[PDB]
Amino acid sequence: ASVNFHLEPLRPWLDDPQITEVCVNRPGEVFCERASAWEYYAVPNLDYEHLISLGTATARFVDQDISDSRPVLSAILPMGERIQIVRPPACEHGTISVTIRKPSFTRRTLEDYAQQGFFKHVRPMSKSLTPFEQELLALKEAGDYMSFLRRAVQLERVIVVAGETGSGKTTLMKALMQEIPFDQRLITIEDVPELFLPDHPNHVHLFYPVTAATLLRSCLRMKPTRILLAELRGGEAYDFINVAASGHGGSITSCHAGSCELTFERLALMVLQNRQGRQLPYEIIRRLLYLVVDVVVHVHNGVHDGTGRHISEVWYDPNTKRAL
């Protein structure tokens, strides 16, 4: 009842059966998902103070605490909605991230599905690529790497930006992010603010001094279109694999590595830092990386020959992704 009172400013979209998700990224606004598309609404009556009290109320509704020491909260609402709340240390200051995912009521028979054309698009078996994969392979083969990278982001390929320390990985990552359609929901996970999103109104900045791993798990309950982890460095690599395997595509991240092949090499080493990652045979880890990582872009300092920063290699091998 204390929770339901604090959910009052969200009633229009909470009661609208056409809407599947109700998000608050910062005071004053709401983003709602209606048929897989996001809509903006200006709700001024929704102060930062209001959202802070919303958090506490929800915490007290079940065995739990909300904090500064415990900024990430998961809860189930009276009417069956799931709510994820991230507070000010773990998310951008002055903001309180809320994601409410409404229960699914849709009832169709297998016959109803049939008439919707639900069984018309099953890919039979073939090692044959999708039209999108063919397209990317052609652009690469043509040597048009700019178009390749733009299309890869549009076709929601998982992209790892690789490079030697001080290579400009973050900058390239930022360039790639500008190719993400502006109406998609983005969540950034970082330690120091760099991945700003001026053209992507529907976004949440998450911060770890709470780890990158816990934030990645938080994202699963946050309905992002893409997750943008600034950098893979240790045990999170396993969680990253897991998140991407879960269906969260279109991710862009970065990794210090001396080449494309060394990227997969170093990512494997990071997986072995996870308690679950350690249980996986090495060959399985390497297979997971290939199933999940679509593109590796390596940025090179240009020093054995004074060429300056340049891209040394772009790795893309969907034929091993198809087969394996």
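Residue positions are given as counts along the sequence shown, with the first one as 1.
If you count the residues of the deposited sequence that sit between residue 209 and residue 210 but have no coordinates, do you get none, 1 to 3, 4 to 9, or 10 or more?
The entry leaves 10 or more residues without coordinates here.
When the Cα temperature factors in the entry are averaged, is it 124-132 or 98-106 that ends up higher?
Of 124-132 and 98-106, the stretch with the higher C-alpha B-factor average is 124-132.
Quick check: 68-76 versus 246-254, which has the larger average CA B-factor in the record?
Mean CA B-factor is higher for 68-76.
Of the choices 269, 284, 46, 262, which one's C-alpha carries the largest B-factor in the record?
In the PDB entry, the greatest C-alpha B-factor among 269, 284, 46, 262 is found at 46.
Ranking the modelled residues of this chain by C-alpha B-factor as given in the entry, is residue 57 in the lowest, middle or highest third?
Within its chain, residue 57 is a highest-third residue by C-alpha B-factor, going by the deposited values.
Within this chain's modelled residues, let me know which third the CA B factor of residue 141 belongs to: lowest, middle or highest.
Ranked within chain, residue 141 CA B lands in the highest tercile.
Would you please rank residue 31 by its C-alpha temperature factor against the other modelled residues of its chain and give the third it falls in: lowest, middle or highest?
It falls in the middle third of the chain.
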